[PDB]
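Enquirer:
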Amino acid sequence: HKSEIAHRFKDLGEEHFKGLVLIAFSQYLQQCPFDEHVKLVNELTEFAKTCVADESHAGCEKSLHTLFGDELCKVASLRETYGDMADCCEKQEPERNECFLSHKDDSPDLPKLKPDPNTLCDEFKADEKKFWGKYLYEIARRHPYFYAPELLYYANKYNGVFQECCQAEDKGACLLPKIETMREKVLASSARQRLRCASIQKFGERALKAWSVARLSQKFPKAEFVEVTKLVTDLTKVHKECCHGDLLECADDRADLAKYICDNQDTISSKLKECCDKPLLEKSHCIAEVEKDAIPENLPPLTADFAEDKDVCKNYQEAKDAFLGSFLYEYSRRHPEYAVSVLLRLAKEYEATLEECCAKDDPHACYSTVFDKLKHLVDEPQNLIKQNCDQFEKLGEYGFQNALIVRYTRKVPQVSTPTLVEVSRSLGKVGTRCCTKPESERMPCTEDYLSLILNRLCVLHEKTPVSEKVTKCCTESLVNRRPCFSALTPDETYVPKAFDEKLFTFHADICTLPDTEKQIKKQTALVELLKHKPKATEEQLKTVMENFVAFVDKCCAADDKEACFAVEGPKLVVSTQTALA
Ligand SMILES: COCCOCCOCC[n+]1ccc(/C=C/c2ccc3cc(N(C)C)ccc3c2)cc1
Ligand SMILES: COCCOCCOCC[n+]1ccc(/C=C/c2ccc3cc(N(C)C)ccc3c2)cc1
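So the sequence shown is numbered by the authors' numbering: it starts at 3 and just counts up by one.
1) In angstroms with no decimal places, state the Cα-to-Cα distance between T421 and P365.
2) What residue range is occupied by the uninterrupted alpha helix (DSSP H) comprising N317?
3) Reducing DSSP to helix, strand and coil, say where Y496 ends up.
4) So which of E57, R458, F36, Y30 has the shortest CA-CA distance to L74?
5) Looking at ligand 2, does it come within less than 7 Å of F394, judged from the CB to the closest heavy atom?
6) Consult DSSP for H145 and reduce its assignment to one of helix, strand or coil.
7) Tell me which same chain residues have a C-beta within less than 7 Å of the C-beta of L153, skipping the five on either side of it?
8) Is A321 near ligand 2 - that is, is its Cβ less than 7 Å away from at least one heavy atom of it?
9) Could you check whether the Cβ of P303 sits closer than 7 Å to any heavy atom belonging to ligand 2?
10) Hey, how far is the Cα of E38 from the Cα of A500?
11) Check this for me: beta carbons of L283 and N158, under 8 Å apart or not?
12) Using a Cβ-Cβ cut-off of 6 Å (strictly less than) and excluding sequence neighbours within five positions of residue 653, which residues of its own chain qualify?
13) Any heavy atom of ligand 2 within a distance shorter than 7 Å of the CB on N404?
14) So, helix, strand or coil for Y340, using DSSP?
15) Measure the alpha-carbon distance for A559 versus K41 and round it to whole angstroms.
16) Anyone know if the C-beta pair for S272 and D255 falls short of 8 Å?
17) Take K131 and list the residues in its own chain whose beta-carbon comes closer than 6 Å to its own, dropping the five residues that flank it on each side.
18) By how many angstroms is the C-alpha of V240 removed from the C-alpha of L233?
19) Mind checking whether the beta-carbon of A324 lies closer than 7 Å to any heavy atom of ligand 2?
20) Consider the C-beta atom of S328 and the heavy atoms of ligand 2; say whether any pair is separated by less than 7 Å.
21) Among the candidates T52, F19, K204, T47, whose CA atom is the shortest distance from the CA of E464?
22) Taking contact to mean at least 3 C-beta pairs separated by less than 8 Å, is the stretch 464-484 in contact with the stretch 507-522?
23) Whole angstroms is fine: what's the gap from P492's alpha carbon to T580's?
24) Exposed or buried, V575, counting other C-beta atoms within 10 Å across all chains shown (16 or more means buried)?
25) Sorry if obvious, but does the Cβ on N300 come closer than 7 Å to a heavy atom of ligand 2?
26) Given a cut-off of 8 Å on the beta-carbon distance, is the pair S334 and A216 in contact?
27) Out of curiosity, what's the CA-to-CA distance linking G135 and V43?
28) Report the three-state DSSP secondary structure of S5 (helix, strand or coil).
29) May I ask you to report which of helix, strand or coil DSSP gives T539?
30) Report all residues from its chain with a CB closer than 8 Å to the CB of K535; omit the five preceding and five following residues, and keep chain order.
31) Given a cut-off of 8 Å, decide if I407 and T448 are closer than it, judged by their beta-carbon atoms.
32) Might you give, ordered along the chain, the residues of its own chain that have their beta carbon closer than 6 Å to the beta carbon of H246, omitting 5 neighbours on each side?
33) Thinking C-alpha only, which one of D555, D313, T83 is nearest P35?
34) So which of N404, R458, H337 has the shortest CA-CA distance to residue 590?
35) In three-state terms, what does DSSP make of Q384?
36) Taking the straight line between their C-alpha atoms, what separation do you get for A55 and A190?
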C-alpha cells in the first residue's frame with residue numbers, strides 16, 4: 003500500500019469520508035464558518051478521487067496529517083482569528099500536528115443553539131444532506147474531542163427525528179422531546195470520550211488499556227482472556243487514533259472491530275445476534291450499549307490464582323501488565339455489579355500490594371491477605387451515597403445544585419466562577435440519575451458519572467491552572483480522583499476576595515433571559531458570594547437566598563423594573579453585608 007488517502011476513501015465510502023473530514027476540520031478550527039469548511043472538504047474530497055483513479059499521482063503518498071495540515075495552513079484568516087495557532091505551520095510533521103491539537107478549545111464560548119421547529123423543519127426539507135452536515139459541524143465545533151464514528155451515528159439519528167416529525171400536524175410536540183432526550187445522550191457521550199483521551203495524554207496507554215479490560219470482561223464474562231486481550235488491543239488502537247485526530251483510521255478500524263466481534267459471537271457473547279444485524283453505524287453503537295452476559299456457573303474461587311499460589315511473585319515479574327490485566331479480567335467477569343472505576347481501583351491497589359510484598363523476604367505471608375484489604379475498598383464510598391441522596395430528595399435538583407455550589411466553593415475557592423457553577427450543576431444532576439435507581443445497582447452509577455464530570459473540572463483547570471488542590475487530585479491518579487475530591491476540606495489558607503459591586507449588580511434582563519440562563523446568573527452570584535465571605539454559615543446563606551428570591555419576585559412584577567432594581571438593589575447589599583459581617 004502506497005496511498006493512505008486512497009485506502010481510507012475506498013473503505014469508508016464518499017459519504018462517510020466527507021462527514022469525517024468535516025468533523026476533523028470542525029474540531030481543529032472551531033472559529034470558522036460552516037461554508038468555508040465545506041470548501042475545504044470538497045477540495046480534499048476531489049483530491050481523494052484523483053488518488054483512487056491514479057495512485058502514482060503527486061501527493062497521494064503523503065500521510066493523512068500532511069495533507070490535512072497543508073489545507074489548514076492555506077486559511078487566509080489563520081493568524082487574525084486563531085492567533086499563535088498560525089505558528090504551527092512553521093514546523094514539520096508530526097510537530098505541526100501536535101501544535102494544532104494543543105489549540106483545541108475545550109470551552110469554545112460559542113452561542114447556545116435555540117432550535118425552533120418551524121425554520122428547522124424547513125432547512126431539513128430544503129436540503130437533507132446539508133442539514134445533515136450542519137449538525138456534524140455544530141456538535142464537533144463545541145466538542146473538539148468527540149468520538150467521530152459516533153458523531154455520524156447521532157447525525158443520522160438526528161435526521162430520523164425530522165424524518166418522522168416534520169410530517170405530523172404538530173412539529174413542535176414531536177421534535178423537541180426527541181431532540182432533548184438526544185441532547186443529553188450526546189453530551190454524555192462527549193464527556194465519556196473526553197475522559198478516554200485524557201487517560202492517554204496524561205496517564206499513558208496502560209491507563210486506557212486497563213479501562214477496556216474492566217468494561218469488556220464485565221460485558222463479556224464468557225470470553226476467555228486471550229479473546230478479551232485481542233479486543234482490548236484493537237479497541238485501544240481505535241480510541242488512540244480518534245483522540246489523536248486520525249478520524250479516518252479511527253472509523254475504518256471501528257468497522258473492522260465491529261465486523262470481527264460479529265464473526266466470533268459464539269466465543270464472545272450470546273447477546274449479540276440482534277446487535278449484529280443492523281447497518282454499520284447502528285451495529286457499532288449496539289455493541290457499545292449491549293447488555294452484560296451471564297456469569298459462568300462453575301467459576302473457580304478468586305483466591306486460588308493470585309493469593310494462595312506460591313508463584314504469584316514469579317508470575318508477576320515475568321509479565322507485570324499481563325498478570326495484572328489477568329487479575330482485572332478475572333475480577334471484572336465475576337462482579338458486573340461494580341463500577342468500572344471501582345475495578346481499576348481494586349487492581350491498582352493490588353498492584354501496590356505485589357510491589358511491596360514481593361520486596362519483603364517472605365511475600366507469601368504479605369500478599370495472602372490482600373483479599374480482605376480489597377473487600378474493604380467497596381464499602382468506603384457507600385456512606386457518601388446515602389448522605390448525598392437524602393440531601394437530594396429534601397432540596398430537589400435546583401436546591402441540591404446550590405447546595406453543592408456552597409460545598410465546593412469553600413473547598414477550592416481559587417477555581418474560576420464559571421467553572422465552579424457549571425461543574426456543580428452537573429454534580430447536582432447526578433442525583434436525578436442515580437439515587438432513584440436500584441440501591442443494588444446504583445453503586446456504580448454515582449461512581450461512573452462522577453469520574454466523567456470531575457475529569458471535565460481537571461480538563462477545564464489544566465488550561466488555566468490556579469488551584470493547588472485541583473492540580474494535585476487531577477495529576478496524582480486517574481482512578482482515585484473521586485475520593486481525592488471528597489476528602490478535601492475548606493482550607494483556612496485562602497484569603498477572601500475583595501468586594502466587587504459589579505459581581506452583585508443586576509438589571510431588568512434577569513426577568514427576560516431563558517430559564518437555564520436565569521439559573522446560571524443566580525448561581526454565579528452565589529459562587530462570588532462565598533468567594534468573598536468563605537465563612538458564611540448555612541443559616542446566613544439560607545437568609546440571603548430567601549431575601550433574593552422575594553426581591554427578584556418583587557422587581558420583575560413592577561411597572562418600572564429598572565427603577566425597582568435601582569432602588570431595592572442597594573437595599574439587599576446593605577442587609578447582606580450586615581448579616582454576613
Ligand atoms: C509584522 O508583520 C507581519 C508579518 O507577519 C508574519 C508572521 O510573523 C511570524 C514570523 N515571520 C517572519 C517573517 C516571515 C516571512 C518571511 C518571508 C516571506 C516571504 C518572502 C518572499 C520573498 N520573495 C521571493 C518575494 C523573499 C523573502 C520572503 C521572506 C514569516 C514569519
Ligand atoms: C502470561 O500470562 C500471565 C501469567 O500467567 C499466570 C497464570 O498462572 C497460572 C494461573 N492458573 C491457571 C490454572 C488454574 C486452574 C487450574 C486447575 C484446573 C482444573 C482443576 C481440576 C481439579 N479437579 C481434580 C477437579 C483440580 C485442580 C484443578 C486446577 C489456576 C491458575
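Ideal placement from N, C-alpha and C gives every residue a C-beta, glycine not left out.
Expert: According to the structure shown:
1) Along the sequence shown, one-based indexing puts residue 421 at 419. Along the sequence shown, one-based indexing puts residue 365 at 363. Cα to Cα, the separation comes out at about 47 Å.
2) In the sequence shown, counting from the first residue as 1, residue 317 sits at position 315. First-last of the alpha helix (DSSP H) with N317: 314-320.
3) On the sequence shown, residue 496 is found 494 positions in, with the first residue counted as 1. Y496 falls in the coil class under three-state DSSP.
4) Within the sequence shown, numbered from 1, the residue matching residue 74 stands at position 72. Nearest of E57, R458, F36, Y30 to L74, Cα basis: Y30.
5) On the sequence shown, position 392 is the one that residue 394 refers to. Remark: the shortest separation between the CB of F394 and any heavy atom of ligand 2 does not fall under 7 Å.
6) Counting from one through the sequence shown, the residue named residue 145 turns up at place 143. Coil.
7) Within the sequence shown, residue 153 is the residue found at index 151, counting from 1. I25, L138, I141, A142, listed in sequence order.
8) Position 319 of the sequence shown, counted from the start, is the residue given in the question as residue 321. Because some heavy atom of ligand 2 lies under 7 Å away, the Cβ of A321 counts as near it: yes.
9) Mapped onto the sequence shown, residue 303 falls at position 301. No, the beta carbon of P303 sits no closer than 7 Å to any heavy atom of ligand 2.
10) Translated into the one-based positions of the sequence shown, residue 38 becomes position 36. Translated into the one-based positions of the sequence shown, residue 500 becomes position 498. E38 and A500 have their C-alpha atoms spaced approximately 46 Å apart.
11) Locating residue 283 in the sequence shown gives position 281, where the first residue counts as 1. Locating residue 158 in the sequence shown gives position 156, where the first residue counts as 1. It is a contact, given that the beta carbons lie within the stated cut-off.
12) Any question about residue 653 goes unanswered here, given that the chain covers just 3 to 583.
13) Position 402 of the sequence shown, counted from the start, is the residue given in the question as residue 404. Flag unset: Cβ of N404 not near ligand 2.
14) Counting from 1 along the sequence shown, the entry for residue 340 is found at position 338. In the structure shown, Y340 sits in coil (DSSP, three-state: anything other than H, G, I, E or B).
15) In the sequence shown, the residue the question calls residue 559 occupies position 557. In the sequence shown, the residue the question calls residue 41 occupies position 39. The straight-line gap from Cα to Cα measures roughly 51 Å.
16) The residue labelled residue 272 in the question sits at position 270 within the sequence shown. The residue labelled residue 255 in the question sits at position 253 within the sequence shown. Their beta carbons are not under 8 Å apart, which means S272 does not touch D255 by this criterion.
17) The residue given as residue 131 occupies position 129 in the sequence shown. Cβ within range, chain order: n/a, list empty.
18) As a first step, residue 233 must be located in the sequence shown, where it is residue number 231. As a first step, residue 240 must be located in the sequence shown, where it is residue number 238. Going from the Cα of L233 to the Cα of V240 covers about 10 Å.
19) The residue given as residue 324 occupies position 322 in the sequence shown. Answer for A324: yes, Cβ within range of ligand 2.
20) Numbered from 1 along the sequence shown, position 326 holds the residue referred to as residue 328. It does: the Cβ of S328 is within 7 Å (strictly closer) of some heavy atom of ligand 2.
21) As a working note, residue 464 is residue 462 in the sequence shown. Among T52, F19, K204, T47, the Cα nearest to that of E464 belongs to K204.
22) no
23) Numbered from its first residue, the sequence shown carries residue 492 at position 490. Numbered from its first residue, the sequence shown carries residue 580 at position 578. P492 and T580: Cα-Cα distance of roughly 23 Å.
24) As a position in the sequence shown, residue 575 is number 573, starting the count at 1. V575 should be labelled exposed.
25) Your numbering for residue 300 matches position 298 in the sequence shown. No, the beta carbon of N300 sits no closer than 7 Å to any heavy atom of ligand 2.
26) For the purposes of this step, residue 334 is taken as residue 332 along the sequence shown, with counting starting at 1. For the purposes of this step, residue 216 is taken as residue 214 along the sequence shown, with counting starting at 1. Cβ atoms of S334 and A216: closer than 8 Å.
27) Against the sequence shown, residue 135 aligns to sequence position 133. Against the sequence shown, residue 43 aligns to sequence position 41. Between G135 and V43, the C-alpha separation is close to 11 Å.
28) For the purposes of this step, residue 5 is identified with residue 3 of the sequence shown, where counting begins at 1. Coil, per DSSP.
29) Working through the sequence shown from its first residue, we reach residue 539 at position 537. Coil.
30) Here residue 535 is taken as the residue at index 533 of the sequence shown, counted from 1. Hits under 8 Å: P498, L582.
31) If you number the sequence shown from 1, residue 448 lands on position 446. If you number the sequence shown from 1, residue 407 lands on position 405. Going by C-beta atoms, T448 is not nearer than 8 Å to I407.
32) Within the sequence shown, numbered from 1, the residue matching residue 246 stands at position 244. The same chain holds no residue with a CB closer than 6 Å to that of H246 once the five nearest residues on each side in sequence are set aside.
33) Taking the first residue of the sequence shown as position 1, residue 35 is located at position 33. Comparing Cα positions, the closest option is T83.
34) The shown model of the chain, from 3 to 583, leaves out residue 590, and the question about it has no answer.
35) Mapped onto the sequence shown, residue 384 falls at position 382. Helix at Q384.
36) Numbered from its first residue, the sequence shown carries residue 55 at position 53. Numbered from its first residue, the sequence shown carries residue 190 at position 188. Each residue's Cα considered, the two are about 41 Å apart.
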